[PDB]
């Protein structure tokens, strides 16, 4: 509460997008990186040709403390531990679909729940993320899955589905980065899977930092559906 006066009183660093050589450090998941980085870098080529971006996984060593010190500029995801002293803003929702190769011998769109339970699955653990709750949702709902393969993260899902008859449960923003490159298609998901709301987070200290405010607004501009 007390430092909110010294936060306001301190003179704010100038930010000129055309000239800045600032490094911004951004926390996101492997899904965030996959989805957000290509359009973000594409926008930046034209808007801020000289800044540097560095990313990091949230689940790696005091995000809250690093955002408090200015070491990490922004974070995207659920991040329930970011409370007092943090602003947040909803950007968009993950909507879950079923993904499988284009010429799968039997998979249909719209897939039935019965077929979903007959087919073989790849699972992604995605520990401590919103995606990591999906397995429990399905189990608690008594929806059987033949879990042929389980991997910890998302990198190999495109290539795996391309080469096999496995099906996957993925956010639509993941599917979008995979469908054309890997010859994949999707179906609306037969199970009752709720959306995951993805937020942008910043520390109160950087609420009126011009560079921070500039990058945040670019994220809203590019990705907001809220």
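Positions refer to the first chain, counted from 1.
Higher average CA B factor: 101 to 109, of the stretches 134 to 142 and 101 to 109. In this crystal structure, the stretch out of 68 to 76 and 150 to 158 whose C-alpha atoms carry the higher mean B factor is 68 to 76. Going by the entry's values, 59 shows the largest Cα B-factor out of 199, 164, 59, 54. Residue 206: CA B factor lies in the highest third for its chain, per the PDB record.
The deposited CA B-factor of residue 63 belongs to the highest third of values across its chain.
Annotation for residue 11: C-alpha temperature factor in the highest third relative to the rest of the modelled chain, per the entry. When all modelled residues of the chain are sorted by CA temperature factor, residue 93 is found within the middle third. Residue 184 sits in the middle third of its chain by CA B factor, as recorded in the PDB entry.
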